[PDB]
Each structure stands twice: as C-alpha cells, then as structure tokens.
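Fold and geometry: a report
The lines below spell out each chain.
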Amino acid sequence: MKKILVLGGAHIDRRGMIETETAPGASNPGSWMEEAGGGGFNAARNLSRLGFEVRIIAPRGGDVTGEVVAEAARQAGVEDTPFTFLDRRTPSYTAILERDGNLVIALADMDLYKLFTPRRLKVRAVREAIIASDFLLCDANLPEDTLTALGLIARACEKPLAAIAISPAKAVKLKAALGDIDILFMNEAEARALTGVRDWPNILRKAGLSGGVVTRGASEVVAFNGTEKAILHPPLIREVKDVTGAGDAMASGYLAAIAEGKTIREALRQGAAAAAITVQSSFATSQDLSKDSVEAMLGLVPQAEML
Ligand SMILES: [Ca+2]
Ligand SMILES: [Ca+2]
Ligand SMILES: [Cl-]
Ligand code: NA
C-alpha cells in the first residue's frame, strides 16, 4: 500500500489572542495566527510525513483561506485535489483566547461539508481517485449518507477503508458504514456515542465494525481486527507517560503500520509512538512526525499485549 486517498475535512484554524488583560464582553487588542487543520487533513499530512503518497479531497471555497490550506497540503507533500465551490467560503474554526491561553469562545463554520453529498461522491472523477488509491481514509465531517455511500464504493472497489470519528456528535454518522470500515479511530466518548477498555472489540464487532482503535486518557489503548485484539501496558519509570493526542497522530501511526502490513500489536506501538511525539513538550507538534522520529520514540513506548 503506497497510495492513500483521504476524503474529509480540511479547514482554516484562526486563533486570536488578547495582548493585555481581558475586558470581557468588550473589544480587546489582539493578533491572529492562522493555520490549516481538520481531522482528515491532519491525518493526510501525517501519513505523507511517514512516507506515503497521499492525496486529499475536501470541500473547499473559492477564497484565500482555501489557498492557505492548499499551501499547507503542498508543504507536507499531500496532493490537494479539492471539491471547490468558487462562490463559497472554506470551512473555518475561529477562537479568541485570553493572553494566558484560556479559550474565551470559538465559532465553527463547517456548513460547506454538507455539499459533499452522495450524488457528488458518485461522480466518475471521485471513483477514479478511489481506483488510483491503495487505501482510503475518511472522517465523520462528511454527511452520514455520504459516509454510507463511500463504504459501498470501497466495498465494490476492494479498497480498505479507515475512518476518524472526530467527535461523539459526529461518530454516529458512521453507523451504516460500519460494516465497510476496516479501521475506525476513536477515543472513549466517541465509542460510547456510536455504540450505544479491553471490552470495546466484542461490543464493537457485533455493531458490525471489524476493526478499530479506542483510546482512554493518557495511557490506555485497545486495538482490534477480525480475530485479534491488543492493549497497551502502563508505562514503566523510563517510559513515555502520554501516548494520546488530538487523534490524528495515533491514527496516522497505526494506519501507517497496518498499510505496511505489521501486526495490530506493532501498529498499536507505532501509533502510540506517533501520538507521544506530538505531545512530548508544550511545543511538540505533528510537524515532528517522520519515520525516523517514530523509530526514535518507539523504544520508550510501553509493550503491547495480544489478548
Ligand atoms: Ca497588536
Ligand atoms: Ca452497512
Ligand atoms: Cl475536524
Ligand atoms: Na494525551
């Protein structure tokens, strides 16, 4: 598996920080930091950083913010082939923070994703992107019916499909597609939401999900597939005490391991290494992900146990 196609979100993340003491409910002097984000987009960048040939299809506006996302794609080596709607704005997450980093309030405009309908997913151009790929990844930013239709296409094309849950609210959108998803990445809350730690595999398999990863807190992770499950040990003294992030990094490291054909025990430890790299300091980010950095962090990752 060399080529991964991602179908999911890619938004602008704009963060405004107040420069002085906060005046609540009023104007404050500040300055804006912008960067690209979105579960699918972040995972796409990560997979590219880990050596895969990655392409992404995300709903995109005809604006400069969309071009900022496109540029961040190119910087990470991701082929950006957007579903462009020239009259519309690229989705955005805008936060205003106090000088001390406290979140005052954030506004998400994600409506553009509603345009990615099953009808649009079914166009020849998207099917050909799928046929050109070796592995698919989606996220639950896409509409529910689109996710189900995507599952049917993956089936018909015999393409492996992975999914990122994004949030407990969004996870439920994956319910009909479950039987067509080879690996679903989620945390504790998203698992409860879609389903109704070593227990997740049998609960989830009867829900029709043949494999996935569920994370809990800083240090517990379960991975499963059609016949197997594995779990992470608590860290020893010398070992890394946080192996969980936003979710992109775990997914990317795990999926990278599976796509290279490693065991779920090995995939578990790689995903953990990848997550740990992104959270090992206040300043750590997924830009620090590479095959070499994962290789370097792996010796610090607790052992995994098949069950
Ligand atoms: Ca200023
Ligand atoms: Ca189904
Ligand atoms: Cl997102
Ligand atoms: Na964490």
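Parameters and conventions
Residues numbered from 1 in each chain as written, not as in the entry; some residues may be left out. Chains lettered and ligands numbered in written order. Heavy atoms only, no water. Donors = N, O, S within 2.8 Å, 3.2 Å for Na, K, Ca; no water. Buried < 20%, exposed > 50% of the residue type's maximum accessible area, 1.4 Å probe, protein only. Axes fitted to C-alpha atoms, helices over the stretch in contact; angles between N-to-C directions. Helix = DSSP H or I, 4+ residues; strand = E, 2+ residues; numbered from the N terminus. Left-handed = near helix turned anticlockwise from the far one by under 90°. Contact = heavy atoms within 4.5 Å. Nonpolar A, V, L, I, M, F, W, Y, C, P; charged D, E, K, R; others polar. Pairing = 2+ DSSP bridges. Patch = residues over 30% accessible without salt bridge, like charges linked within 9 Å, V, L, I, M, F, W, Y side chains within 5 Å. Areas by Shrake-Rupley, 256 points an atom, 1.4 Å probe, with all protein chains shown as cover. Salt bridge = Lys/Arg side-chain N within 4 Å of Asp/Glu carboxyl O.

Per the deposited record, determination of this structure is attributed to X-ray crystallography, with the resolution reported as 1.86 Å.

Turning our eyes to something else, we now look at the coordination of the sodium ion (ligand 4). Reference values for coordination geometry: four tetrahedral donors around a metal ideally subtend 109.5 degrees, six octahedral donors ideally subtend 90 or 180 degrees. Taken together, the protein donors to the sodium ion (ligand 4) comprise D242 (OD), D242 (OD), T244 (O) and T244 (OG1), at separations of 2.3 to 2.6 Å. With relative accessibility at 14%, the residue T244 sits in the buried group.

So, about the packing of helix α9 (residues 248–259) against helix α10 (residues 264–279). At a minimum axis separation of 7 Å, α9 and α10 run at an interaxial angle of 145 degrees. When you trace α9 past α10, the crossing you get is right-handed. In contact with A249, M250, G253, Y254, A256, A257 and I258 of α9, α10 contributes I264, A267, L268, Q270, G271, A272, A274, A275 and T278. Its residues assigned to classes, the contact of α9 with α10 shows twelve nonpolar, four polar and no charged.

The subject of this paragraph is unusual backbone geometry. Backbone geometry at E158 places phi at a positive 45 degrees, although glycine is not the residue there. Among the structural elements, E158 can be located in the loop between α5 (144–156) and β11 (161–164). Classification of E158 by relative accessible area gives exposed; the value is 71%. The phi dihedral of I166 is positive, around 70 degrees, even though this residue is not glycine. Secondary-structure assignment places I166 in the loop between β11 and α6 (168–171).

A few words now on the sheet that holds strand β15 (residues 229–232). Two orientations exist for strands paired in a sheet by backbone hydrogen bonds: parallel and antiparallel. If you walk across this open sheet you meet the ten strands as β6-β4-β1-β10-β11-β12-β13-β14-β15-β16, and the pairing is mixed. Unpaired on one side and paired on the other, β6 (79–80) and β16 (304–306) mark the two borders of the sheet. Pairing of strand β1 (residues 3–7) with strand β10 (residues 135–139) involves four bridges; the strand directions are parallel. Bridge pairing in β10 links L7 to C138.

Let's shift gears to a nonpolar patch on the surface. Taken together, the side chains of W32, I96, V104 and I105 make up a nonpolar region of the molecular surface, amounting to roughly 380 Å² of accessible area. Residue position: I96 is located in strand β8 (residues 92–97). Taking relative accessible area as the criterion, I96 reaches 35% and is therefore assigned partly exposed.

What follows deals with the environment of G212. Residue placement: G212 occurs in strand β13 (residues 212–216). Residues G212 and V240, 28 residues apart in the sequence, show an inter-C-alpha distance of 23 Å. Leave out the neighbours within four places in its chain, and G212 touches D182, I183, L184, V222, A223 and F224.

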